[PDB]
Asks: 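Handing you a structure now.
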Amino acid sequence: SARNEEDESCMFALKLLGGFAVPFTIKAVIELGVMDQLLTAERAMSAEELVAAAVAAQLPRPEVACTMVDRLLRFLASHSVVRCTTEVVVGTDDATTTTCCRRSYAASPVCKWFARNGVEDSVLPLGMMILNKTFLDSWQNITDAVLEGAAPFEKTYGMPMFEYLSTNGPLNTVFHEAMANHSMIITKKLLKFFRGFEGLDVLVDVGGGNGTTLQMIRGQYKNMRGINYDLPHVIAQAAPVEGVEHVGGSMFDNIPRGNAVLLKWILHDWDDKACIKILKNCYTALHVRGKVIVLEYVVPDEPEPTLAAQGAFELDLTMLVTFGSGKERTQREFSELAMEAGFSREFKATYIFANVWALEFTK
Amino acid sequence: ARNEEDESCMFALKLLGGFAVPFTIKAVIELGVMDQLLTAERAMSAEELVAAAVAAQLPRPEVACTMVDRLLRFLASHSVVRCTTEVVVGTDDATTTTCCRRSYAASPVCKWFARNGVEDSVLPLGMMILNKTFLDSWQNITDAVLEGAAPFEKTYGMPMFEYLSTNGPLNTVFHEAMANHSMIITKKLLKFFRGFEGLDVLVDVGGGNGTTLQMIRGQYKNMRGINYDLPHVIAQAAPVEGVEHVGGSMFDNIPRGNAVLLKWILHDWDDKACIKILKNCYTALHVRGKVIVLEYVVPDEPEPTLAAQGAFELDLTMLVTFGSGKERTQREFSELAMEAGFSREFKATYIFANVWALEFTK
Ligand SMILES: NC(=O)c1ccc[n+]([C@@H]2O[C@H](COP(=O)([O-])OP(=O)(O)OC[C@H]3O[C@@H](n4cnc5c(N)ncnc54)[C@H](O)[C@@H]3O)[C@@H](O)[C@H]2O)c1
Ligand SMILES: NC(=O)c1ccc[n+]([C@@H]2O[C@H](COP(=O)([O-])OP(=O)(O)OC[C@H]3O[C@@H](n4cnc5c(N)ncnc54)[C@H](O)[C@@H]3O)[C@@H](O)[C@H]2O)c1
Ligand SMILES: COc1cc(O)cc(/C=C/c2ccc(O)cc2)c1
Ligand SMILES: COc1cc(O)cc(/C=C/c2ccc(O)cc2)c1
């Protein structure tokens, strides 16, 4: 609609500067309980009906709350996050932010990924880490961190993230729930789309937590045995799982022996030398023809302006912000690390879901 | 594995990640890399852009280059910069990818981030939009809504204009953003808007040091100006030929003239406060006088266009800053004017960057 190229140029610059407004608006609609009412609603609902349904608490300024929610949802409607219908009101009205007319709102399909059921296959626990204030604050310190060649997180909090989490119980839970949430989704998709668990006697899951992933995998492959390998303090908290041995240890020291080792979102935390050491421990732990299964995004060789590529470079920036030298890798960069660790010139890539690939390297 | 379910999920993650572009552009500006992009003659690698932007010896110069490379690659995937890739005659150590070296050029949009070309930039406004103090309020929307309060006030315990009195650096950031936007809009007004023709006296409510009036008089030499602003702002203004500085509150009175300019005033305020301002404009105006409202105009329905999204984005900015400040539709502006006494006579002239000049007539 801009009146010339100069005008459209200016508005695009403002748009680029303002991209934080959508995520922060979504967070509020979620936290208010409005997004869950949209998701269970049988028809479109006005801001007033959404607030009445979402809030049990008696509000001091209920009319202000309703118009504010109307403004939040109208903004998300402009971004196709929700559907909006407008009707004429016969009467007077003040639980909408316009003269004659009342908006009613329905969830778009994308909204199901924000569900608070948590495991209805939602990414909400991941989203709450993505938009966590403690983590977001690091993004304001990128400049100085680059100048020192440090992680923005380190430059913000004085120390690496994994150290800091030991000192912040609440942030630690947010982080672990996000990890667990993404793990659950990808594990399910793996059992739908990936065939590389066929023929395995023993699978070693590094960073397996309580061993949920191995348990779900054994649900489909009943004769496979699992080793759940994680830090001693994580293993101490792990209840028995049938067919899974919990083993405490550092992946930098050793990996337990097996037919395959699973690394999900491990390598992208670490620089190339650390990755090579992890893959060398995988290599010594495997019998010949054994495999490493890497569950990671793969960035394209060039910066393609696609939805998937943008999300992969967005994850690269998250890694820069969090760890500094943690990073997302191309297929070739993954191949090179594996060959450095001793693996053959034999590469498989199976696309799974949500930008995650299963890359398999073979001894 | 890639279907509608997959696209849906990626879309969800994209919506949650929208902050990454703005934060990355900020870093690239603040490192001085954007300015090197804007003066460059050709695509430059991260290494070249760092060497050119940074005076100091860095402790970890190769880490800094590879980090900038990653920032720029991300911006390339969003079409903010142009990237080309060439095979390294050897082995790099200042690009993230060893085979190959990326070089980058500014896209046209980057001119809007310039630190001082001789043209228009929105960089002072952008520094306000991405200022940490202001951004921190957006993390407090849920509790401010439940209380019916402005997120900003819930975050800092006072109204934004009161807070600026307590934070001189933020006060500068705010005023420079307003002055930047006002400068661009006043020049576009002199280009496109014809409603200053014929006016004896123009009253600029919130006119600061009188720069707007000074510029308009530069084109309309027989017009006189009344620069109306708070006494403390007027105390600081130097004399302006053909302009009288007057101190006061727009809630008490407006100086009389043929036209009153209200730029980004009404959107700070609720309907009751707007009606007070407009009733004061009405009584102040001589007959056939006009209020000239310089605001964004939100469409009647939430259209998914670049311009509409920009207007609802400013709406949420007003929500966050003031709570009850808000963007309006044409109909809502008309209705406030009619409540203040103005006639059923409405003009709208599109100016630039989503701003309209709306005129109401006594
Ligand atoms: N960059 C490196 O090469 C590097 C980094 C850290 C530790 N190490 C080596 O590791 C040994 C132990 O030192 P430490 O206790 O600081 O390191 P650690 O065992 O705590 O390892 C560091 C990080 O790696 C991850 N990790 C380690 N083992 C894991 C496992 N089984 N599952 C999931 N994640 C795991 C965790 O995120 C942890 O914070 C030392 O010999 C040390 O040199 C090497
Ligand atoms: N939106 C609302 O919060 C709301 C609601 C209903 C009524 N009101 C009315 O507004 C009053 C609150 O305002 P206040 O008492 O804090 O006063 P105030 O005028 O001192 O408020 C500060 C702001 O007023 C503006 N201002 C006032 N006169 C100006 C002038 N001549 N030139 C430029 N800018 C000028 C500036 O934007 C300044 O930052 C209420 O007492 C009532 O009259 C406001
Ligand atoms: C914080 O207080 C104020 C007061 C005011 O009068 C205007 C603004 C405008 C902000 C803005 C943000 C994003 C954009 O893309 C374009 C403008 C903010
Ligand atoms: C904070 O530390 C970590 C460690 C880790 O292994 C993964 C992530 C992933 C974040 C992320 C962000 C945005 C998305 O869209 C998708 C994932 C973050």
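No hydrogens, no waters, no symmetry mates; every other heavy atom, side chains included, goes into these values. Order of the sequence lines sets the chain letters (A, B, ...), proteins ahead of strands, with each chain counted from 1.
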Asks: Applying ring pair (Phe, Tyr, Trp, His ring centres under 6.0 Å), name anything that partners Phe23(B), two or more places apart in sequence or on another chain.
Replies: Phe19(B)
Asks: Is the shortest heavy-atom distance from the side chain of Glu5(A) to the side chain of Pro108(B) under 4.5 Å?
Replies: no
Asks: Can you confirm whether the side chains of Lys27(A) and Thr142(B) place a donor and an acceptor under 3.5 Å from each other?
Replies: no
Asks: Using a heavy-atom distance cut-off of less than 4.5 Å, which residues of residues 350-358 of chain A contact chain B?
Replies: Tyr351(A), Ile352(A), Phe353(A), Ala354(A), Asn355(A)
Asks: Only pairs of heavy atoms separated by less than 4.5 Å count here; which of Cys110(B), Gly310(B), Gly17(B) has the most with chain A?
Replies: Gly17(B)
Asks: Which region of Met127(B), side chain (C-beta onward) or backbone (N, CA, C, O), has a non-hydrogen atom less than 4.5 Å from a non-hydrogen atom of chain A, or is it both or neither?
Replies: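 Contact with chain A is absent: no heavy atom of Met127(B) under 4.5 Å.
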Asks: Using non-hydrogen atoms and a 4.5 Å limit, figure out which bit of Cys9(B) sits close to chain A: side chain, backbone, both or neither.
Replies: both
Asks: How would you list, by chain and number, every residue that makes a salt bridge (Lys or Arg N to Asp or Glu O under 4.0 Å) with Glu147(B), sequence neighbours excluded?
Replies: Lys154(B)
Asks: Is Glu335(B) in contact with chain A via its backbone, its side chain, both, or neither, using a 4.5 Å heavy-atom distance?
Replies: side chain
Asks: What residues form a salt bridge (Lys or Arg N to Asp or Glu O under 4.0 Å) with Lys14(B), not counting sequence neighbours?
Replies: none
Asks: Can you tell me how far the CG atom of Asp315(B) sits from the CG atom of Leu72(A), to the nearest 0.5 Å?
Replies: 9.0 Å
Asks: State whether the side chain of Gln139(B) and the backbone N or O of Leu136(A) hold a donor-acceptor pair below 3.5 Å, judged by distance alone.
Replies: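 Judged by distance alone, no pair lies under 3.5 Å.
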Asks: Which heavy-atom pair separates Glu313(B) from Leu14(A) by the least distance, and what is that distance?
Replies: OE1-O, 4.2 Å
Asks: Locate the shortest heavy-atom distance separating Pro22(B) from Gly19(A); write the atom from each residue and the value.
Replies: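 For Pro22(B) versus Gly19(A), the nearest heavy atoms are CG-N, 3.8 Å.
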Asks: Answer yes or no: is there an ion pair linking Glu5(B) with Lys112(A), defined by an N-O contact shorter than 4.0 Å?
Replies: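 Salt bridge flag = yes for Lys112(A) with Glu5(B).
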Asks: What part of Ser8(B) lies closer than 4.5 angstrom to a heavy atom of chain A: side chain, backbone, both or neither?
Replies: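 Both parts, backbone and side chain.
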Asks: Out of curiosity, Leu307(A) CG to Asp6(B) CG, how far, rounded to the nearest 0.5 Å?
Replies: 9.0 Å
